[PDB]
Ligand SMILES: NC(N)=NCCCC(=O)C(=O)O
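Taking the form solved without the named molecule, here's one chain by itself in structure tokens.
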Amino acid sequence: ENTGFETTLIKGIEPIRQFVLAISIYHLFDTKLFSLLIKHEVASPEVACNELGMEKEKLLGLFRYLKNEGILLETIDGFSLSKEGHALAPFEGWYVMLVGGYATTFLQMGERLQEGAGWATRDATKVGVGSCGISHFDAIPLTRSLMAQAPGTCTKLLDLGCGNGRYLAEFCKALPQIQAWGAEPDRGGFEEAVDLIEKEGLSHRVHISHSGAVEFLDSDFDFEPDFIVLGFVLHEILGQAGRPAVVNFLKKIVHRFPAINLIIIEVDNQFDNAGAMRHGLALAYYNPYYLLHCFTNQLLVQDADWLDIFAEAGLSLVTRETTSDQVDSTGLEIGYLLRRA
């Protein structure tokens, strides 16, 4: 008879309902429909189609789906973002990083679980673009706070793994004397960085290279930085190349630039910490982030493990801070300001 089945089904597939909604919100941002709705206020499918080069019947389908979920309103004049839709605006970076960048990674987990199946791949351009959007709220303010605590003033900034160059665009706008260099290994991300720097009118002060971190430090670049920022880059090197390679990379930075100030941002691996994992943001963001990092060739370690790598590399801790508790109060995102020992 299946007595009471429907009520259990509606609850049982609530993760699928939200799965489709998350992908649909990601497309709303990524296709530039969200920005179109912000600019137009109300747009007919015909107007949105003409502007973005889209097909009306498919756009109507997406719009009707979002209207049923309350993200859009529909009037005789067309569609608009509802208050709930407008409220999604600050979270674009998270949708672009985790859906755009990592949907394929999560979908590959079943196959990648097999012995010898290798690491899950990702869309590194979207990971970089999304992570740079997120960084406006957490990592850039943390980097700024640590930079201000350093004894020397920043004049020549090097950002390795710069994504779309958001840290450099923000820092250079705020601090007009700075000359900067960024390196980004993903071609798509590198091209977005070159474009963002040009759009911000910073091309005369900021140069971007298409390069990985280790290979950039081995290259024959002429820059003499006094600050180097390593935002979530060391855990990539640690997984890909190993702990000796991370220690050697850090040793090379202070051998080449003995007076340099290093700012490292890392995620403390507390995936196995009961209390930490009950925090709302630990569940919403860090639990999927830790899962991705078991399937990709990156390795997250604990705060104590990073401090031990820094000591082995001959670095001294100046200060360590976490993000503002107004944005992320988990204590899992840690920033370190270091100097040569």
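When you see a residue number, it is the position in the sequence shown, counting from 1.
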Of 168-176 vs 79-87, the stretch with the larger average CA B-factor in the entry is 168-176
Higher of the two mean Cα B-factors (195-203, 136-144; per PDB record) comes from 195-203
Scanning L332, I23, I10, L317 for peak Cα temperature factor in the entry gives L317
Looking only at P244, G110, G101, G231, the Cα with the top B-factor belongs to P244
Temperature factor at the Cα of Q240, chain-ranked in thirds, falls in the highest
Of the three thirds of the chain ranked by Cα temperature factor, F221 occupies the highest
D123: CA temperature factor from the record, placed by chain third, in the middle
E266: CA B-factor among chain residues, third -> lowest
Quick tally, chain-level thirds of C-alpha B-factors: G53 sits in the highest
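Only in words, not in the display: the form deposited with the named molecule bound, which the text now covers.
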Please state whether all three residues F232, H235 and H293 have a non-hydrogen atom within 4.5 angstroms of the named molecule in the deposited bound form. yes
Exactly one of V127, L217, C172, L72 comes within 4.5 Å of the named molecule in the deposited bound form through a heavy atom, and that residue is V127
With the partner omitted here, the residue among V194, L88, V267, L202 that in the deposited bound form has a heavy atom within 4.5 Å of the named molecule is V267
Per contact check vs the named molecule in the deposited bound form (non-hydrogen atom within 4.5 angstroms), the hit among 293-301, 306-314, 53-61, 24-32 is 293-301
**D138, heavy atom within 4.5 angstroms of the named molecule in the deposited bound form** = yes
* Spell out, yes or no, whether the shortest heavy atom distance between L250 and the named molecule in the deposited bound form is within 4.5 Å. => no
Handout entry: Distance check, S131 to the named molecule in the deposited bound form, heavy atom within 4.5 Å
Key = yes
Q) How about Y95: is it within 4.5 Å of the named molecule in the deposited bound form, going by heavy atoms? A) no
